[PDB]
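> What would the 3D arrangement of this be:
(6 chains, ligands or ions: 1)
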Amino acid sequence: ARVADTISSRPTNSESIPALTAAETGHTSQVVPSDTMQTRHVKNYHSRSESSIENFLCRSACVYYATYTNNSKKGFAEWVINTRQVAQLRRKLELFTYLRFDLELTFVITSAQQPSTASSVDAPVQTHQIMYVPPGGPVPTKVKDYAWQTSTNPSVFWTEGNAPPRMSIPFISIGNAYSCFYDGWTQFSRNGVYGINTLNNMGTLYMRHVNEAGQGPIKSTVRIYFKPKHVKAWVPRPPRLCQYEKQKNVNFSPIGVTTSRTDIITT
Amino acid sequence: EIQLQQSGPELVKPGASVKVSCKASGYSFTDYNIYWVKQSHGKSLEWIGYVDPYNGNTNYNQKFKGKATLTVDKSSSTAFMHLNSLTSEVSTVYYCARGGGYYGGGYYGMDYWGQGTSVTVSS
Amino acid sequence: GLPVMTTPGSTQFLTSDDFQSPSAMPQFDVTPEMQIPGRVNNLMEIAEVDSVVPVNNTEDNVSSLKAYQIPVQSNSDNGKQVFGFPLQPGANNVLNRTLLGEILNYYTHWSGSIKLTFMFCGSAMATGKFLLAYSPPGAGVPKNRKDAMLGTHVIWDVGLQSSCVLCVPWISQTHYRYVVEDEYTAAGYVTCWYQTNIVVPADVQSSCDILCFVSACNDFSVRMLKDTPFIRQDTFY
Amino acid sequence: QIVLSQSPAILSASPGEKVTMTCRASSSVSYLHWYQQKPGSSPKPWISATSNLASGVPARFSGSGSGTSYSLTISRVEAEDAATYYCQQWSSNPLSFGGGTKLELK
Amino acid sequence: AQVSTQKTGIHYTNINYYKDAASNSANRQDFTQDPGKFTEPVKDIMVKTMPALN
Amino acid sequence: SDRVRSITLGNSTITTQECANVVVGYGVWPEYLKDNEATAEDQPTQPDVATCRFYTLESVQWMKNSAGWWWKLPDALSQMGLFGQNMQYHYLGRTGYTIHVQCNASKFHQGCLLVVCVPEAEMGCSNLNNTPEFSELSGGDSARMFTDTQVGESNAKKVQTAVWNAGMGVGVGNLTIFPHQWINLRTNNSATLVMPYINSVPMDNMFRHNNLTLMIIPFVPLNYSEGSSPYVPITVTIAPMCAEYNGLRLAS
Ligand SMILES: CCCCCCCCCCCCCCCC(=O)O
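Residues are numbered from 1 along each chain as shown, chains lettered A, B, ... in the order given. Dropping the coordinates below:
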């Protein structure tokens, strides 16, 4: 995808005006630099490969991290799936209005010791379980539950010390594109919830230890990385200026458009 | 500041006439309308009419159609109001307010009022 | 039992790779595609549209619409300057938060020429002329209309057509420049001066304004994607 | 013709509670403003175009509503608003006024 | 198996092993451009050398 | 000549004598739904003369210290003729629009306006915990207006109307990425936009979801010398194009 190269030019004196345009028509001018001065011929071997939408968005990025303790009752984590609790990924997706992509999901699970009081604690390797519940299925209540039988829900078992787990998810949606904005309510009487929270219904992610608590507590932590593949994007949109405040809306506090200088001629 | 200043209170006789004033200063006089209201001593407010100082198109209420006349003087930035056939029930106070242009541009409302001249009718 | 040997770099997680991985939902039927208007294929298409430049920051106009207006009036002294700012589209705080500058802060290198469109938002009876210059670095900043006429300048006449385009060419030693402020790859200065006066009739206001748009030409490109410095976070939302 | 039926006739409240004062019109109007008159002074422009608080107005005052039902609500009754409150419309019909509900401290 | 271009300033082979099309690699080589819908969304087309409002 | 136009739709006609060109959406003209992309399987209704005509909203006054206005687009025509009745008896519906903003002044006035048409303009509240009420996000044929100062946060439910952030938390000079035109009183008299149907589903409900927003904000304020006419109004006319509805039921 090589950019266009510059042709040479000559001194002109004519009625052709490439510089004087009219910006009221909503049309940006298409004047090249060889129209207002004398230029030489130069072949551009530059390329626009790095700026395409697949090369801009297909990089992994942290979305969440949650903790859960081994030596406890109901020590297990849950997370309602959304991409709006971190600030770096949320700004990258909100340059477009409608998106459509396949996902690639990766977890990074660590562990750490906790201050027990027994003598000579030595625990074996630990095994974890990550379970995904679509909206409407049964949810677990404690660690030793019937809901972890995973007869239809997909689950991933992983032992510490190996490579991180990874799998791909297709384009799951009710509509035709992942709408990143919504100017509407959820009820027909125009009361109650307003915004993107009406469209978000994706499911819940549950995590737990599999091994029982031997002689000392262990506190684990799991990070979640999202990676879009096969990306299409429609209706571009200007970038977010103010800082984010909440998750389920676009509330903000006003700030200036730039930071300032002392005078209009100060360089 | 934007200030509207009126005249002093007078008394008249039944069947007489009186001209009240509302001098506007602090802004460009021909840009906004001037509304005239009255406040009775026990009742609510009532609308008399307005005048546009750029061309002099006066509009009036249906009650005060023949008993009040508004005029303007662009050279001094004052507005006048002439009251015909003063009666028994007008022991009231008359206000002037600066508006916007009447329903094309009333979004700030009536945003700058005056002091108010109180006229009495007695012998 | 084919004999293999595992090279270094295995069981790692690089965040910019692409390997095939097994799907968690097999034989899934996605919804059919639909023709939505306005598809983006490449991010350089977004940075080729015009955006208003806040040339008038001045410490108390940034929280206003006065930041976008350049004050031009009917003066009486010749060669008076109108504005001036250094050409750094990713570091200088004039071109920093525009649409070209917000995309440039996701990349590290840039190359190409840059358009600058002006627009006279004055009365229909006001006439004037301006000199829109650009000076490559090495000297200081031009301080007169005499020193600024030696650069790359365009004399703009204000008439029926109400826009002029100063096209800042690509003059550099290297093929690319850094987005960050580096003194090794400085780019120059952009100024504007009164050629003749703003002459106006009676009963017309003498004080007018000028808007300024910026975009990229058809030979602009970027490289070496990074993060942006305009985003903070303390805890989760 | 638009008639503004401002309700109630008189309101009374102990200092430090929440009150609500309503105005209903004969049809839909384009704008609606509220004024405050202390007895012995000119009416001051309070809340205008049904929501916007004026200059110098404390932040304990609020106004809402649309259609044909409007309201004004003080959050916590302070002691410096013992006055009366009028209501004005700005539709294509000529002009009207409310009737002046009085608020005094109990 | 297919061979391709291998972006440079040489070929490579690639076989798909899984039965689902959502488990493939990223595209990374879909170079297409059309900025004429964002820069010139105008009904009557205008020439660069002609005056705009005539 | 180039500066003259004429737009004919239904039984209405719009003539202009000073104008720029027509901005056509994202390059696409509005058109009916194909048989490849439909999902509802009973026949739509297409009135095609009864609803596709020019409807004129309410005028507003351009004062000197003004800030801007906005309209929500499939809500301004909710009580306008037979477009407003088909929105009630039907459950679905898709529509494209033709917007024509018009504002004239003499050769002795100054000013500038930006006329954008943004899709999916989700707006932010003034208090950071709540969301704005319905009666302050839109209104039938009435303009909700920005402010040159910041809304106080102690209010209960309000829209943040600081004009330099456009209510959506964005730099307001970057709003020219959407389809737009400028009204410049030196050279222009009106602005015309033709917008197609932009949504992520082929049909949508028309009362719960406002999928376009028309913003008019003055970058360069109105100014004139003393002796010129001080009242300058702005008028917006909107005409639906290729409208069709589906799923008939009770009135609501
Ligand atoms: C162990 C299996 C885990 C499977 C997890 C599936 C996660 C579904 C993907 C969520 C996509 C959300 C995209 C953003 C939504 C939006 O922008 O509104």
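
> and the residue nearest the centre of chain B, helix, strand or coil?
By Cα atoms, centre = their mean, chain B has its centre lying nearest to residue B:36, at 3.2 Å. Using DSSP: H, G, I helix; E, B strand; the rest coil, the three-state assignment for residue B:36 comes out as strand.

> give the contact list for the spatially most central residue of chain E.
Centroid check for chain E by Cα atoms, centre = their mean gives residue E:32 as the closest residue, at 1.7 Å. Going by Cβ atoms under 8 Å, 6 or more residues apart in numbering or on different chains, residue E:32 touches C:41, C:42. C-beta coordinates here come from the backbone N, C-alpha and C atoms, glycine included.

> Identify the spatial nearest neighbour of whatever residue of chain C ends up closest to the ligand, chain neighbours not counted.
With Cβ to the nearest ligand atom as the measure, residue C:24 is the residue of chain C nearest to the ligand, at 4.6 Å. Using Cβ to Cβ, 6 or more residues apart in numbering or on different chains and skipping residues adjacent in sequence, the residue nearest residue C:24 is residue A:167, 4.4 Å away.

> can you confirm that neighbour is in a strand?
Yes. In this structure, residue A:167 lies within a strand as judged by three-state DSSP.

> measure the nearest residue to residue D:58 once chain neighbours are set aside to chain E for me?
Nearest residue to residue D:58, sequence neighbours excluded (Cβ to Cβ, 6+ apart): residue D:78, at 7.1 Å. To chain E, residue D:78 is 54 Å away according to Cβ to the nearest Cβ, to the nearest Å.

> again, but for residue C:223
Residue C:223 is 12 Å from chain E, by Cβ to the nearest Cβ.

> same deal with residue B:101?
32 Å.

> same thing with residue F:219?
Taken as Cβ to the nearest Cβ, the span from residue F:219 to chain E is 20 Å.

> you'd agree that residue is up against residue C:56?
No. Using Cβ atoms under 8 Å as the test, residue F:219 is too far from residue C:56 to be in contact (11.9 Å).

> and for those two, which residues touch both?
Both residue F:219 and residue C:56 are in contact with C:68, C:69, where contact means Cβ under 8 Å, 6+ apart.

> What residues are bridge-paired with the residue most central in space within chain D?
Taking Cα atoms, centre = their mean, the centroid of chain D lies closest to residue D:34, which sits 4.3 Å from it. Taking DSSP bridges as the rule, residue D:34 bridges to residue D:87.

> Surely it touches residue D:86?
Yes. Contact criterion Cβ under 8 Å: residue D:34 and residue D:86 qualify, at 7.1 Å.

> list the contacts for residue F:6?
Here residue F:6 is in contact with F:13, F:14, F:15 (Cβ under 8 Å, 6+ apart).

> Tell me which residues of whichever helix or strand residue A:78 is part of come out buried.
Assessed by DSSP states H and E, residue A:78 sits inside strand A:77-80. For strand A:77-80, a neighbour-count test (16 or more other Cβ atoms under 10 Å in any protein chain shown) marks A:77, A:79 as buried.

> export that strand as PDB, just CAs?
The C-alpha trace of strand A:77-80 is given here as PDB (Å, rounded to 0.1, in the frame of the first residue of the first chain):
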ATOM      1  CA  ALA A  77     -14.200 -15.000  41.800                       C
ATOM      2  CA  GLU A  78     -16.900 -13.700  39.400                       C
ATOM      3  CA  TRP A  79     -16.800 -11.100  36.600                       C
ATOM      4  CA  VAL A  80     -19.600  -9.800  34.400                       C
END
